[PDB]
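Following: one structure in structure tokens, then a few remarks.
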Amino acid sequence: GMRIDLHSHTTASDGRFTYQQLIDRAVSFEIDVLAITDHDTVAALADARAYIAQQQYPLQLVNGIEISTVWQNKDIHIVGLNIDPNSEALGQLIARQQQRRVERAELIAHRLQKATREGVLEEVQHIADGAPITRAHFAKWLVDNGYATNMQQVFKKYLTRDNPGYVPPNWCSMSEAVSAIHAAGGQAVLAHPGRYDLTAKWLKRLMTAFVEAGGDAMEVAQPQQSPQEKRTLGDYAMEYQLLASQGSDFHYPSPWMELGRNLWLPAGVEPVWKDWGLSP
Ligand SMILES: [Mg+2]
Ligand SMILES: [Mg+2]
Ligand SMILES: [Mn+2]
């Protein structure tokens, strides 16, 4: 059909590729449709679209965003697809979220410093290079200074619940994120549901709350994932009347990560792009 990837990041958030480098890579990997879904920002989207046109690439760019929200005291990520980057409602939410991120980074650095060494905040600010600061920026600092062996080990030792540097979530609500994405003309997507580490009971509660908030879709496919896991999440999407999304969550290349990799949907699920009028 088409090769589609609806979750990726640039250096506007915690990706390591500029939007130009991400787009060049997508073209080389024959991606037909790419969403850029940076964390609590839309700063790359207008320039990315202009770059594609200037380069005469055939890639279809989907305007996106990844919004941190709080639900039942958990950090839940809601992606918006086909948003208007100039939306006033969305821009106001982005400004509030970015102010929260400044305050949160100060507190995370304050706590992480007690378990590591002085200078955490200023050096993580250098890593973020003007982007809104995320846990991934702190994780790189932790790896680069030998407190963890890789980005996967970081979160077993730091930043997460019951580990040094943890700060509880203090974001907008899921319903606020969904309302703002809709006001910007987009579809709201419950991102990476398996990453929340919830029991089936709690995952069903989350999906119910997301539907009740007006949510449109859930990510069913990601690169590191078994067919059975896809089948279970596809069953949930069907049961809860949600469309299915797919995305790599690319931040940088690795043996286990690539644009478009392992992004297929199981039988019966309706894709989030069914009414986008795409072509290969
Ligand atoms: Mg990220
Ligand atoms: Mg996320
Ligand atoms: Mn992401």
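Lettering and numbering for the structure tokens are positional, with chains as A, B, ... in the shown order, residues counted from 1 in each chain, and ligands counted from 1 in the shown order.
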
Item to check | Spatial neighbours of residue A:264, 9 Å, only C-alpha atoms, chain gap at least 5 places, as a ChimeraX atom specification | outcome: /A:220-222,230,246

Next on the checklist: What's around stretch 186-201 of chain A at 6 Å? Count only C-alpha atoms, leave out sequence neighbours fewer than 2 positions away in its own chain, and write the answer as a list in words.
Outcome noted: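 My reading of the contact set: residues 77, 78, 79, 80, 81, 82, 83, 178, 181, 182, 184, 203, 204, 215, 216, 217, 218 and 219 of chain A.
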
Item to check | Given 9 Å and only C-alpha atoms and all ligand atoms, residues near ligand 1 as an NGL selection string | outcome: :A and (8-10 or 13-15 or 38-39 or 66 or 134-137 or 249-251)

Using N, CA, C and O atoms, can you write the selected residues to a file as an mmCIF file, in the first residue's frame?
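Output file selection01.cif follows:
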data_model
loop_
_atom_site.group_PDB
_atom_site.id
_atom_site.type_symbol
_atom_site.label_atom_id
_atom_site.label_comp_id
_atom_site.auth_asym_id
_atom_site.auth_seq_id
_atom_site.Cartn_x
_atom_site.Cartn_y
_atom_site.Cartn_z
ATOM 1 N N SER A 8 7.714 10.281 15.077
ATOM 2 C CA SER A 8 9.155 10.467 14.958
ATOM 3 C C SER A 8 9.532 11.806 15.576
ATOM 4 O O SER A 8 8.691 12.690 15.718
ATOM 5 N N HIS A 9 10.808 11.963 15.914
ATOM 6 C CA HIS A 9 11.286 13.164 16.590
ATOM 7 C C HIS A 9 12.486 13.766 15.877
ATOM 8 O O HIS A 9 13.240 13.062 15.189
ATOM 9 N N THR A 10 12.657 15.074 16.066
ATOM 10 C CA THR A 10 13.823 15.837 15.583
ATOM 11 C C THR A 10 14.507 16.528 16.764
ATOM 12 O O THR A 10 14.066 16.440 17.919
ATOM 13 N N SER A 13 12.828 18.540 19.628
ATOM 14 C CA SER A 13 12.557 17.975 20.951
ATOM 15 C C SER A 13 13.742 17.116 21.368
ATOM 16 O O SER A 13 14.836 17.643 21.616
ATOM 17 N N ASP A 14 13.576 15.800 21.409
ATOM 18 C CA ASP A 14 14.659 14.936 21.872
ATOM 19 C C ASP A 14 15.165 13.975 20.808
ATOM 20 O O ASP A 14 15.867 13.001 21.138
ATOM 21 N N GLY A 15 14.818 14.206 19.548
ATOM 22 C CA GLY A 15 15.517 13.544 18.471
ATOM 23 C C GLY A 15 16.937 14.071 18.333
ATOM 24 O O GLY A 15 17.280 15.159 18.806
ATOM 25 N N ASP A 38 7.026 15.996 17.573
ATOM 26 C CA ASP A 38 7.967 16.415 18.609
ATOM 27 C C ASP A 38 7.238 16.697 19.932
ATOM 28 O O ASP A 38 6.042 17.022 19.959
ATOM 29 N N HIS A 39 7.976 16.571 21.044
ATOM 30 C CA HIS A 39 7.431 16.677 22.403
ATOM 31 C C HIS A 39 7.086 18.117 22.736
ATOM 32 O O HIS A 39 7.989 18.947 22.928
ATOM 33 N N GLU A 66 3.600 15.446 20.083
ATOM 34 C CA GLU A 66 3.437 14.489 21.190
ATOM 35 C C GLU A 66 3.277 15.291 22.479
ATOM 36 O O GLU A 66 4.202 16.019 22.875
ATOM 37 N N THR A 134 13.403 17.045 28.040
ATOM 38 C CA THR A 134 12.710 15.785 28.296
ATOM 39 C C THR A 134 13.586 14.848 29.124
ATOM 40 O O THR A 134 14.797 15.051 29.279
ATOM 41 N N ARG A 135 12.954 13.790 29.653
ATOM 42 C CA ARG A 135 13.729 12.756 30.344
ATOM 43 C C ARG A 135 14.806 12.153 29.449
ATOM 44 O O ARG A 135 15.839 11.705 29.951
ATOM 45 N N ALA A 136 14.592 12.135 28.130
ATOM 46 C CA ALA A 136 15.613 11.589 27.240
ATOM 47 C C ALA A 136 16.885 12.424 27.257
ATOM 48 O O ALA A 136 17.977 11.877 27.052
ATOM 49 N N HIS A 137 16.771 13.742 27.463
ATOM 50 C CA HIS A 137 17.974 14.564 27.571
ATOM 51 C C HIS A 137 18.760 14.221 28.842
ATOM 52 O O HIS A 137 19.997 14.109 28.814
ATOM 53 N N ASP A 249 8.700 5.954 16.659
ATOM 54 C CA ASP A 249 9.258 6.780 17.731
ATOM 55 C C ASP A 249 10.759 6.994 17.525
ATOM 56 O O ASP A 249 11.547 6.993 18.480
ATOM 57 N N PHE A 250 11.162 7.179 16.267
ATOM 58 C CA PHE A 250 12.581 7.362 15.949
ATOM 59 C C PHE A 250 13.135 8.576 16.675
ATOM 60 O O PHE A 250 12.611 9.697 16.549
ATOM 61 N N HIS A 251 14.241 8.364 17.404
ATOM 62 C CA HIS A 251 15.068 9.467 17.877
ATOM 63 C C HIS A 251 16.423 9.466 17.218
ATOM 64 O O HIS A 251 16.994 10.543 16.981
#

Checklist entry - Neighbours of residue A:177 within 8 Å (only C-alpha atoms; same-chain residues fewer than 3 positions away dropped), as a PyMOL selection string? => result chain A and resi 67+69+78+93+172-174+180-181

Can I get the selection written as a PDB file, in the first residue's frame, with C-alpha atoms?
ATOM      1  CA  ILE A  67       1.791  15.960  24.317  1.00  0.00           C
ATOM      2  CA  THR A  69      -0.576  14.492  29.926  1.00  0.00           C
ATOM      3  CA  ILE A  78      -1.144  11.792  23.452  1.00  0.00           C
ATOM      4  CA  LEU A  93      -1.422  24.707  25.486  1.00  0.00           C
ATOM      5  CA  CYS A 172      -2.457  19.062  31.341  1.00  0.00           C
ATOM      6  CA  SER A 173      -5.184  16.427  31.461  1.00  0.00           C
ATOM      7  CA  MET A 174      -5.809  13.890  28.679  1.00  0.00           C
ATOM      8  CA  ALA A 180      -6.659  21.108  21.860  1.00  0.00           C
ATOM      9  CA  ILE A 181      -5.680  18.627  19.139  1.00  0.00           C
TER      10      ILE A 181
END

Next on the checklist: With DSSP run on the backbone, what are the strand (DSSP E or B) residues within stretch 75-155 of chain A? I'd like them as a count of residues only.
Outcome noted: 7

Next on the checklist: Given only C-alpha atoms and all ligand atoms as the basis, pick out the residue of A:65, A:131, A:108, A:259 nearest to ligand 2.
Outcome noted: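 Distance minimum relative to ligand 2 lands on A:65.
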
Item to check | Who sits within 9 Å of residue A:138, only C-alpha atoms, same chain under 5 positions skipped, as an MDAnalysis selection string | outcome: chainID A and resid 105 108:109 120:121 124 127 133 143 159

Create the file for the chosen residues now, containing N, CA, C and O atoms and written as a PDB file, in the first residue's frame.
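Listing of out-v6.pdb after writing:
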ATOM      1  N   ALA A 105      12.295  20.363  34.736  1.00  0.00           N
ATOM      2  CA  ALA A 105      13.723  20.108  34.558  1.00  0.00           C
ATOM      3  C   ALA A 105      14.530  20.621  35.745  1.00  0.00           C
ATOM      4  O   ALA A 105      15.519  19.996  36.157  1.00  0.00           O
ATOM      5  N   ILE A 108      13.928  17.957  38.481  1.00  0.00           N
ATOM      6  CA  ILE A 108      14.600  16.702  38.160  1.00  0.00           C
ATOM      7  C   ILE A 108      16.095  16.842  38.383  1.00  0.00           C
ATOM      8  O   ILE A 108      16.735  15.982  39.001  1.00  0.00           O
ATOM      9  N   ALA A 109      16.671  17.937  37.887  1.00  0.00           N
ATOM     10  CA  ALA A 109      18.097  18.171  38.085  1.00  0.00           C
ATOM     11  C   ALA A 109      18.443  18.272  39.565  1.00  0.00           C
ATOM     12  O   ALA A 109      19.452  17.712  40.011  1.00  0.00           O
ATOM     13  N   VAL A 120      24.256  19.154  36.874  1.00  0.00           N
ATOM     14  CA  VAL A 120      23.338  18.390  36.024  1.00  0.00           C
ATOM     15  C   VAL A 120      22.534  19.310  35.111  1.00  0.00           C
ATOM     16  O   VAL A 120      22.437  19.080  33.897  1.00  0.00           O
ATOM     17  N   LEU A 121      21.914  20.346  35.682  1.00  0.00           N
ATOM     18  CA  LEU A 121      20.983  21.162  34.905  1.00  0.00           C
ATOM     19  C   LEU A 121      21.678  21.847  33.736  1.00  0.00           C
ATOM     20  O   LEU A 121      21.211  21.767  32.597  1.00  0.00           O
ATOM     21  N   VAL A 124      22.565  19.419  30.997  1.00  0.00           N
ATOM     22  CA  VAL A 124      21.389  18.927  30.278  1.00  0.00           C
ATOM     23  C   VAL A 124      20.789  20.022  29.405  1.00  0.00           C
ATOM     24  O   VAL A 124      20.281  19.750  28.301  1.00  0.00           O
ATOM     25  N   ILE A 127      22.683  19.817  26.295  1.00  0.00           N
ATOM     26  CA  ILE A 127      22.213  18.699  25.479  1.00  0.00           C
ATOM     27  C   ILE A 127      20.924  19.072  24.752  1.00  0.00           C
ATOM     28  O   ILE A 127      20.776  18.820  23.546  1.00  0.00           O
ATOM     29  N   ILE A 133      12.997  20.502  27.531  1.00  0.00           N
ATOM     30  CA  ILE A 133      13.808  19.443  28.127  1.00  0.00           C
ATOM     31  C   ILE A 133      12.934  18.233  28.437  1.00  0.00           C
ATOM     32  O   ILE A 133      11.843  18.369  29.011  1.00  0.00           O
ATOM     33  N   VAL A 143      23.973   8.412  30.572  1.00  0.00           N
ATOM     34  CA  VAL A 143      24.797   7.452  29.839  1.00  0.00           C
ATOM     35  C   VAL A 143      26.185   8.028  29.578  1.00  0.00           C
ATOM     36  O   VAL A 143      27.204   7.369  29.817  1.00  0.00           O
ATOM     37  N   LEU A 159      15.226   8.310  37.110  1.00  0.00           N
ATOM     38  CA  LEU A 159      14.199   9.108  36.431  1.00  0.00           C
ATOM     39  C   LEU A 159      12.780   8.571  36.563  1.00  0.00           C
ATOM     40  O   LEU A 159      11.823   9.346  36.485  1.00  0.00           O
TER      41      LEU A 159
END
